[PDB]
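A lone chain, given as structure tokens: the form deposited in one PDB entry.
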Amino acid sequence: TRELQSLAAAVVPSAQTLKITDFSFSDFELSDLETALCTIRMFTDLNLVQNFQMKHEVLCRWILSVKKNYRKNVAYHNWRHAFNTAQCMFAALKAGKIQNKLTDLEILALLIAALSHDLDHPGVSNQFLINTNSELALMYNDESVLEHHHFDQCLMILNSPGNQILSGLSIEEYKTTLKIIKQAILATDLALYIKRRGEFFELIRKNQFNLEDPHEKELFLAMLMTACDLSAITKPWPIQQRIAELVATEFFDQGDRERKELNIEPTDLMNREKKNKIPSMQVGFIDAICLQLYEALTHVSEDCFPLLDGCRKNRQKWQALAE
């Protein structure tokens, strides 16, 4: 217990005080307790607590359970990444003006999904799990293996005694919400983003994009999840550079495991010996994966431009190092 008593007892500072509406937000200076308070504030200011009759103590317990079920020693995919993903979601809904485009249930699902989307991440990739004969890969037939696991864990915590923040929902609202959560968490598989984004970009290019179409709505929610998942790439250079080091640390750690467990030379991305490739890889990733997404999101809501602006600024910085 102990953290629950401290967390539950605390007066939760305002969103303005906590700076969580800012796209350029940094978690680095905050304690674990402070990030927990921020998370309560996100639920509160998105009209989720009273709307769905969440008990304060239960919400606090759930937040702590989510935090606890990240592996703190995994360099990047730990609680702070999940927290930052949820913070970007909050900022996008608020400053980015996405909130009024979505239903209450969608907002509820997205915030829960953001916080839960990498739960119990082992610090290695889907490909690694497949290649090391993971029981998870077998269970999920090699498809979005990690993300199926994150969803499993999400459900487990939601059903845990004392943590049931969705216990107040009606049977139909509960069904709807769980389905959105599943899709949102699965969407964070970059493989699924690459597979599905073409449709999204095409719809926008052809002036066919329609949020009132159920399929296009869920496509948009998947893209929004990815935008938040990759949010560190949009941050002020010092914040982005620090987080980029964590990403590389984790990838190189996998490479070490690959050499030992698979007797293979890792790809550049996973090869510490070839760490000189980082700036060029960062530029390539921003071009291939990031820019089009933040451009598209800004098309949907102009107020999301700061994410695009930040991404472009980071591209310039990396390219200066690379060339």
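All residue numbers are counted from 1 along the displayed sequence.
Below: the form solved in complex with a small molecule, not depicted.
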Would you check, heavy atoms only and a 4.5 Å threshold, whether residue 106 touches the small molecule in the deposited bound form?
-> no
Does residue 243 make contact with the small molecule in the deposited bound form, using a 4.5 Å heavy atom cut-off?
-> yes
Touches the small molecule in the deposited bound form: residue 85 (any heavy atom, 4.5 Å) | yes
In the deposited bound form, residue 221 touching the small molecule (heavy atom, 4.5 Å) | no
Partner-contacting position among 111, 239, 180, 95 - heavy atom within 4.5 Å of the small molecule in the deposited bound form | 239
